[PDB]
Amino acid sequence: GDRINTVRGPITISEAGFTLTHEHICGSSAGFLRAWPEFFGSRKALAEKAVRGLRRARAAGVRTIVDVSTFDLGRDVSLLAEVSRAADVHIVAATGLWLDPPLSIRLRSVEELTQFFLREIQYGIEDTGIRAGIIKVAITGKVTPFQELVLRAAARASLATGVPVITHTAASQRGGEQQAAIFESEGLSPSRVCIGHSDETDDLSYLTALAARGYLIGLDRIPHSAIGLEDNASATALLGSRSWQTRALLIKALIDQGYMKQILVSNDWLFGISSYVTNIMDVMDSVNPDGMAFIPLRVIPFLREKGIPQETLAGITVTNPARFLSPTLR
């Protein structure tokens, strides 16, 4: 209603403050952090880096992050709770599915996946009593048959709980349209849906069209634009070629179209990553040493220079996430 579930329990809407709506403590795989913590140096080393990173974001104004790591991204909510306490930053946990479901998940029906997402929202994650405050889904291309199952289960869990849905759009193929078609077929309100990674395209008319329909637009990979690395071929399939200012101008463009209320902004950062080639974390930290503080330290000042008023920036970073996350069936 007016309360959001975090890994430290419920908080009221006003407590959320400046919120980054798409982040990760660790990008991994189910079971991996507990089976092979030394991959990250140690669990303690990962925890400590994440606490410093969160404290840095906090000093830059951030009060809440949404960790949209799912089961199959190796989400460890006990780790989230630990670093949230030590850094005094709220963390909202996620249910849903990313792009690496194991057999025990890939073989499930839409009704089974609905029950899974529901248990993580209504009951808790694993045996921790920590409840998810968001549902995350991922698609590739035009949306695969299994991904459509996931999208429908997500819609149904959202409809039962009021908790919103956030998507990973991995396509050069105006990937939102097919997502929206499926969500709407299920009776889900666009206002419960963020179409994420929308800063991956320059297709403004496409983004504006979604915004006009009531979808939230996730401009949430701003620092992955990067710059400089064409020597590592596996650094263009995780970063990019456009500049971060180019991505950030999409924020101004949507504002100018009159859809400031539809925008969510984030870094899609993390403090550890195992679901990619070894040492990619070091490359990422080199390119973006600001980490999760990139949005408040770089993008916000950049927008202010481009004439975006304080109140509009506060609306995007405080009010929109608050309205989005607050569980709602209207």
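For every residue, the number given is its place in the sequence shown, counted from 1.
For the segment pair 170 to 178 and 113 to 121, the entry gives 170 to 178 the higher mean B-factor, averaged over Cα atoms.
Note on 203 to 211 vs 154 to 162: mean CA B-factor is higher in 203 to 211. In this structure the maximum Cα B-factor among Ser104, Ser84, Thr95, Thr236 is found at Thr236.
Of the candidates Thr12, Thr312, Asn320, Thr21, the PDB record gives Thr12 the highest C-alpha temperature factor.
Among the modelled residues of its chain, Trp269 has a C-alpha B-factor that falls in the lowest third according to the deposited record. Among the modelled residues of its chain, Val7 has a C-alpha B-factor that falls in the lowest third according to the deposited record. When the CA B factors of the chain's modelled residues are split into thirds, the value for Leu54 lands in the middle one. Annotation for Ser78: CA B-factor lies in the middle third of the chain's modelled residues. Per the PDB record, residue ranking by Cα B-factor puts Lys136 in the lowest third of the chain.
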